[PDB]
Amino acid sequence: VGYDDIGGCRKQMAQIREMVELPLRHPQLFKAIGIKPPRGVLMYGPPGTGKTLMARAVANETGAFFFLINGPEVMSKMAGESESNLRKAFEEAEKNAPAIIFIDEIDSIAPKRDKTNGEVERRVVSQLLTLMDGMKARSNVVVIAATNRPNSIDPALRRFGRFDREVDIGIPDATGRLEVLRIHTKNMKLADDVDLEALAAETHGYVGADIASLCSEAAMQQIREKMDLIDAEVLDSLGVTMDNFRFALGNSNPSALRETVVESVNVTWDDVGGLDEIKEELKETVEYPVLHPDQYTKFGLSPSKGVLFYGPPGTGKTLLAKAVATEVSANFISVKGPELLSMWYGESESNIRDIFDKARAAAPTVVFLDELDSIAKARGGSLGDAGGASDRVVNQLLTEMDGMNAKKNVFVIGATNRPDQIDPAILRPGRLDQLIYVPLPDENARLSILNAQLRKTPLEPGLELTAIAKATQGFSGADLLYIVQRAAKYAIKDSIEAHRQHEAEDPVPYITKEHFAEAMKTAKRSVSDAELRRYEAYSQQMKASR
Amino acid sequence: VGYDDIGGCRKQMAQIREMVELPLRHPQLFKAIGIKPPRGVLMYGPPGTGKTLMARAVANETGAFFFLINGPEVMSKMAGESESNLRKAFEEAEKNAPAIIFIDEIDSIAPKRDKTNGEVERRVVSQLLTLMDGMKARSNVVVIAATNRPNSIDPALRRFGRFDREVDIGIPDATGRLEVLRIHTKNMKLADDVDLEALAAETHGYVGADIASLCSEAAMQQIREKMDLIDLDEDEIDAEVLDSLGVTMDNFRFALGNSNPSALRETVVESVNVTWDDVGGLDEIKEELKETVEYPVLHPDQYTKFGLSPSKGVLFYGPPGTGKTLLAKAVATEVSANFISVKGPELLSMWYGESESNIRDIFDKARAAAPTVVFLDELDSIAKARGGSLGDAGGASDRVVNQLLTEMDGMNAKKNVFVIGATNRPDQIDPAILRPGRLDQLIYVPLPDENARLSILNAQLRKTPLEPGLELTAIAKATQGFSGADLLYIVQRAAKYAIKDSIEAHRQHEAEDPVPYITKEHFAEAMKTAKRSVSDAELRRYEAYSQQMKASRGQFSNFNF
Amino acid sequence: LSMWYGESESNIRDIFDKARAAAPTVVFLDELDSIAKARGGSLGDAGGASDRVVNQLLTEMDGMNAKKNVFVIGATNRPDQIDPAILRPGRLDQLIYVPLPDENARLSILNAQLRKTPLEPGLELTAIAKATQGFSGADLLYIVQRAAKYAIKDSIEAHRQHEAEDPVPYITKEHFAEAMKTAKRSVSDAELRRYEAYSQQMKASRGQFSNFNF
Amino acid sequence: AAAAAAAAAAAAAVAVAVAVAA
Ligand SMILES: [Mg+2]
Ligand SMILES: [Mg+2]
Ligand SMILES: [Mg+2]
Ligand SMILES: [Mg+2]
């Protein structure tokens, strides 16, 4: 693998390239300018970005000797042997022509000295320090490192003369992902229909090996679908369609977020009835920044990020969250209400900051904070442990959602049932801009909800739902779902009865008007009139403020 | 190397040179005075300060025999061989002329015997101790040691006879950094435009090993600029381009703006782009803060002539989304001192005492790399009324508050560390931290007035193209109760409508730049859903607290002598 | 304090061993209420480490040891959190209350803080002392610092004018007149009455005491 | 002739954590 194999990161590639090559190629310029070049690099970033690949590329391309050092391979049990191994490695490297040394996973070798209990780790840390910096330290020997946890390294190691510059090999952009796809799909025979540009635009958080996994999975899917269809000429008809890549992309997810993946639930924009205005506003707010950033940068403003749905229970806020998670390109991070909390001290805030760090790392991302009544509450409670942690968590939320961060397209979606109990600093614009009220559907909204729910099911040709929609006047989408469930249960009971009678001696491939009439005589109207009074009072107070 | 290479610490230079050279050049004075000179040196300080350079300079300077021992170089697998190596080293050093033994990284050879649990390290420490001071102690042999941590050394080695004198090779001051710049930029082909005084002024926490990095990467920037287009020839370089190699001031400015002190390398804050022109309104607060942060750093001579220490701390309180964090960002951007940013509970840990360790570490780094601006966002998390935590979480919050108190005001060296606090609920902060000496001035950041709102709009729409016929005075007048966040929301909604119109128009045009700027109708439609963020009850609490502060302040107004 | 098990008490033992080794020694325990709190309060604790720490302090400051002249000084502003055992005579016998300064004490403090600063010949501090009633030493320091800041501002603008074409050899009356309009009292009446109640409860402990003859 | 060799690897330590009640 040469430099051509590495792609998606041009600045860092140049940074290592110039230092490793130009001093070994034309030292006349350094002799003329009278300064020696830097001789140390520490490559860091999230796992699987291509650090080892770039090291391999420079090793294979440069004519200088390459020596490989692994992290734990040098450690031993005897007293004074790991340091001997390092000395042997360094002296062997320096004995020959100008060379490159690569200490893979240095964070295993060299943690902070003060925060370790052993002794051999301290000795080997000191040995590294002395080897790289000391009397007659190095001569035409370049050292490169790779790690995933830069902060967990001895600060005495992060100085000029040891690791002169710390290049950040982070996730690539859309164009970088485009070149990664083009690089990986260069050897496999592809079909003409698929266009890699759309795939690169669709993928957001995928880094390096994630794209390699995508390509491998698409090829495997193509092979598996052709291998089962058929029992020399088969080799000629080997082509990977756009459908294979779409399958792989739908079934995949970025590595950093794989543990936070949500179970796939099939919901689409047509599956949610009514709420057309709210649906359109949400679509605008979501896909405007991600699909058209050129307009936003032309106008020189940032986009609104946060949204909050509030209203009676069951009206469809979590359904809208599901619909978004299914029908937006950005990554999704779902969280239950108190799911982040912990009994230990200073861990619920660590939980919040880790999830936000992952979200803003794999941007753009939609974080769905469900049931904010638990996390947010109202800061300044009833003293003691009634507020001791409930305030620290809120403060961490505030400072993570707004303050001392880089704007990186992270949209927080809220969902509550009693928003009057939410801390007022959370509701502020710039944290949760939109205060959307999701009211109980009216007659036409209920008709739309019924049609949406009955999308995929047999219906009698002469059956109308207008009577059902109009005969409620107080119901919610959950109640309409309950009516539909009871009707389906009675219809399937009739079907089982008919099947049993036929066996003893499709009878009903559709639901009937009498089935609906029999099912509807026992309805609920779950939302009470006091809750409606409270919600109306809150909404009109909000409008008065408006 | 030579005696001029090590610059920035002349006092330590002379202190080492005394016993390294004078007892070797002319011992007649010591034989007259009757007392032998010291024969033990321990150089300690933060990494990169110049310890190894001082050892190399001594080796190059003295005509005496030199013996360098690296730290873990002595240990061997055989039982009883490390001490044999030490014995061989010391006997070889002593058999020759009056020699110097340099032991680098002594924290590895010589840990405290009581805390270690192995056996070979204890035996090595005992061998070293008896070699340094026992029967038949030494014969005109001087031992030099270098370490980054002196507290992790055996107390028996920190004694007269073994290591009598400990020199502290510490961070250079402005003059020392100027000397380091002059030393490190004396062999390269520099430009005529360079004033090293400005560079030594603007570089604050650089330990002297960072000056070399800054200079080298600045030179690399210059060569990159003169290589990208003038001469990209992999084969050979013509001599003409080499002679046009001068590292310019713009290159040095770039190098300074990219680099940061090695000490604060971990806590580097990702760059955000806020400007004093980006922050609308709050002109009085802006000037006051600018003075409070610039006068002690730019004019130390004035303070030293007046014999008084500057005021350091400052707290911001007010309704949320008024500009506290924005002011913090602007400070971090365009002040010349280092910045340390921490969120509220960011430094808490489940382990016992680890939060206290983190607080101590960040404040020690802050005073080490001073002048430094530490921003404490949302104090209400880490600093609450002590004793009010009846529901006990172990009482660790009280310990955190005590540590903060006695780290901002205790047994310290009175270095330049300024603390900005930002909260939106000051009533929950302990009274013992709102005192002068920790957080002197308490600045109320109130809701914008008409002129403040107009200025905020002008600042937010500084770069966005606008309709020539548009006027924001009506927008500023219409609100009368909004905050900066609300005005930003109005602006963003206008942007949203504009981008919607632009996208749909472009789509229609492609089906078969119509909108080059936001318009009056866009603003009218974005103002239809405008809302106040802060209610009156919260405003009532803030005004009541401010009135209480005025009661604490209003007794004087202006008096007569 | 330390995360490990027993290392807090090990550190305390080491510090006090050094103190009694290099005697006579002075040991300053800043904010004693942080490490020495009343035992048993913590419902949820880290294995009772704070209780073990305070017990270690108790045994080392009074136990099976000698009196090698080691003087423990504590400085805390919350004497309610300190365990009663520590405050026993023979461990910390002298409880000194440091009240707010009176008129002559504020005058003394101002002179002490202005002992190295050039001053206007005609400036008198008696008015400032008479005008600060509830102030503390920190507040008087803040007043002085603000006056110095205004003096430096005037010096800087004067030097700027001089460069455009000592102007302020010393601080004047105006720098105090303009610097004391923002001064404020650090301690409120709630904390003041809390400390007064604490002092009076100790006085009430001294019950039925007067100029009595044996 | 035979020979000996020394080896000292590690041990096991104990940490202490703090919990929060409600
Ligand atoms: Mg790797
Ligand atoms: Mg739901
Ligand atoms: Mg060195
Ligand atoms: Mg803020």
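Bear in mind that the values in this text are calculations on the coordinates, not laboratory data. Here Cβ is always computed from backbone atoms with ideal geometry, including for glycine, and neighbour counts include all displayed protein chains.
Only four residue types carry charge here, +1 at the Cβ of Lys and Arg and -1 at the Cβ of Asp and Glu. Report the dipole size of the stretch A:1-78 about the Cα centre in Debye, rounded to the nearest 20. Mind showing how you got there, number by number?
Values: 10 positive and 6 negative charges, 60 e Å.
Dipole size: approximately 300 debye.
Given 10 Å bins starting at zero, what is the percent of C-alpha pairs of the stretch C:46-103 in each, up to the one with the largest pair distance?
Answer for the stretch C:46-103: a P(r) of 17, 46, 26, 9, 2, 0 percent.
Farthest toward the dipole's positive end in the stretch A:127-272, which of A:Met132, A:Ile171, A:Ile230, given Cβ charges of +1 (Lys, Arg) and -1 (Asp, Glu) about the Cα centre?
Result: A:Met132.
Dipole size in debye (nearest 20) for chain C around its Cα centre, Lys and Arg Cβ +1, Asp and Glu Cβ -1? Walk me through the intermediate numbers first.
Numbers: 27 positive and 29 negative charges, 123 e Å.
That gives a dipole near 600 debye.
Which of the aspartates and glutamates could a cross-linker bridge to A:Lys521, judged by Cα under 16 Å and excluding same-chain residues fewer than eight apart?
Straight-line reach from A:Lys521, under 16 Å: A:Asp479.
So how do B:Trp276, A:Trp269 line up by other beta-carbon neighbours within 10 Å, fewest first? Write out the running numbers ahead of the final one.
Values: B:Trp276 13, A:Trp269 16.
Ranked by crowding around the Cβ, least crowded first: B:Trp276, A:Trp269.
Just from its helices, what would the mean residue ellipticity at 222 nm be for chain A, if runs of 4 or more DSSP H residues each count -39500 (n - 2.57) and the sum is divided by every residue, rounded to the nearest 500 deg cm²/dmol? Write out the running numbers ahead of the final one.
On the way: 22 runs with 254 residues, N = 546.
After summing the helix terms and dividing by the residues of chain A, the value is -14500 deg cm²/dmol.
With the calculation restricted to Cα positions, what are the radius of gyration and Dmax of the stretch A:154-301 in angstrom?
Radius of gyration, then largest Cα-Cα span, for the stretch A:154-301: 20.8, 66 Å.
If eta is 1.567 mPa s and T is 4 °C, what Stokes-Einstein diffusion coefficient results for chain A, Kirkwood Rh from Cα pairs, in µm²/s?
On the way: Rh = 28.7 Å.
D = 45 µm²/s.
If you put +1 on each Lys and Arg Cβ and -1 on each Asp and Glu Cβ, how big is the dipole of the protein assembly as shown around its Cα centre, in Debye rounded to 20?
Values: 161 positive and 192 negative charges, 1104 e Å.
For the protein assembly as shown, the charge dipole is close to 5300 debye.
Pop a pseudo-label 7 angstrom from the Cα along the beta-carbon direction at both B:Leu196 and A:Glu505 and give the gap in nm to one decimal.
My value for the distance between the label points is 11.0 nm.
Can you pull out the chymotrypsin sites (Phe, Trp or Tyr not before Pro) in the stretch B:132-208 that DSSP calls coil and that have at most 11 other Cβ atoms within 10 Å?
Working: sites: B:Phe160, B:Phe163, B:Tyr206; in loops: B:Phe160, B:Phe163, B:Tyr206.
Here the chymotrypsin sites (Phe, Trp or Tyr not before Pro) that fit, given the DSSP loop and packing criteria, are B:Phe160.
Using +1 at the Cβ of each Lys and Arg and -1 at the Cβ of each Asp and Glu in chain A, identify which of A:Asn417, A:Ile144, A:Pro303 lies farthest towards the dipole's positive end.
Most positive-ward Cα: A:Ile144.
Any idea how far the Cα center of the stretch B:337-372 sits from the one of the stretch A:82-104, in Å?
Cα centres, the stretch B:337-372 to the stretch A:82-104: 37 Å.
For the pairs A:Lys377/C:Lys37; A:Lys305/A:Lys358; A:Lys408/A:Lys543; A:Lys11/A:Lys189; A:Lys11/B:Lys186; A:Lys543/B:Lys520, note any where the Cα-Cα span goes beyond 20 Å.
Working: A:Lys377/C:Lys37 32 Å; A:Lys305/A:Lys358 17 Å; A:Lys408/A:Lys543 31 Å; A:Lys11/A:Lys189 31 Å; A:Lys11/B:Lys186 31 Å; A:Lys543/B:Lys520 24 Å.
Too far apart for the 20 Å limit: A:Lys377/C:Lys37; A:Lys408/A:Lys543; A:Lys11/A:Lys189; A:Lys11/B:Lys186; A:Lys543/B:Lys520.
Please work out how much length the chain gains when fully extended from B:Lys520 to B:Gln548, using 0.36 nm per residue of separation minus the C-alpha to C-alpha distance, in nm with one decimal. Can you show the working numbers first?
Numbers: separation 28, 0.36 × 28 = 10.08 nm, distance 4.35 nm.
Extending this stretch completely gives an extra 5.7 nm.
Run down the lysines and flag those whose C-alpha is under 21 Å from the C-alpha of C:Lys68, throwing out any fewer than 8 positions away in its chain.
C:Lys18
With unit charges on the beta carbons (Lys and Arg positive, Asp and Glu negative) and the dipole taken about the Cα centre of the stretch B:351-398, which residue among B:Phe363, B:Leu379, B:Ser389 sits farthest to the positive side?
In the stretch B:351-398, that residue is B:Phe363.
I want to check the label-to-label distance for B:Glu538 and C:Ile73. Put each point 7 Å from Cα in the C-beta direction and report it in nm to one decimal.
Each label point lies 7 Å from its Cα, and together they span 4.7 nm.
Under 17 Å between alpha carbons, and skipping anything fewer than 8 positions from C:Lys130 in its own chain: which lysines qualify?
Output for C:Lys130: C:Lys173, C:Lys181, C:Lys184.
I want the antiparallel fraction of DSSP beta bridges within the protein assembly as shown, as a percent rounded to 5. Please report the intermediate quantities before stating the final value.
Details: 5 of 89 bridges.
So the antiparallel bridges in the protein assembly as shown amount to around 5 percent.
How are the Cα pair distances of the protein assembly as shown distributed, in percent, across 10 Å bins from 0?
Distribution as computed: 1, 7, 12, 17, 19, 17, 12, 7, 4, 2, 1, 0, 0, 0 percent.
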